[PDB]
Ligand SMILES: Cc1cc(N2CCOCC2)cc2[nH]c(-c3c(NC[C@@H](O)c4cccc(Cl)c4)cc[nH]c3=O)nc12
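What follows is a single chain, given as structure tokens, in the form solved without the ligand.
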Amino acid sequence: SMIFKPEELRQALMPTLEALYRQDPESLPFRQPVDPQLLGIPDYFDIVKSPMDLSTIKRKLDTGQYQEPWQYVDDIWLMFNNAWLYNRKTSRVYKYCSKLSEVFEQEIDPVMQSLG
């Protein structure tokens, strides 16, 4: 595959991450790691083996931890798939996840075309 530099990935991908943060209120559950003790859900880490959230993805982009853009896409989908796995289909967090995923699909498609 092609080489990607960290600054190039920030320019291309940060707008797609920003679009998720700007979904308000729907991004609020995703702006920080899940805290199962605080949120009253002690089985969370038994169900969700690889936690992920927007702050972690932002830090990885900011510090240059992605070598290529599909690693970023993988982390976004990990975050979404964790929330659809743990939460019931009628719950607020599940519905907010679906909203963010719709926004992401719209934003990421032209960006990955340009990168690829």
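In this text, residue numbers run from 1 along the sequence as written.
Quick note: we don't show the form deposited with the ligand bound, though the next part is all about it.
- The closest non-hydrogen atom of residue 67 lies beyond 4.5 Å of the ligand in the entry with it bound.
- At the 4.5 Å threshold, heavy atoms of residue 20 stay clear of the ligand in the entry with it bound, well away from it.
- Contact between residue 13 and the ligand in the entry with it bound is not found at the 4.5 Å heavy atom cutoff.
- Residue contact check for residue 115: none of its heavy atoms lie within 4.5 Å of the ligand in the entry with it bound.
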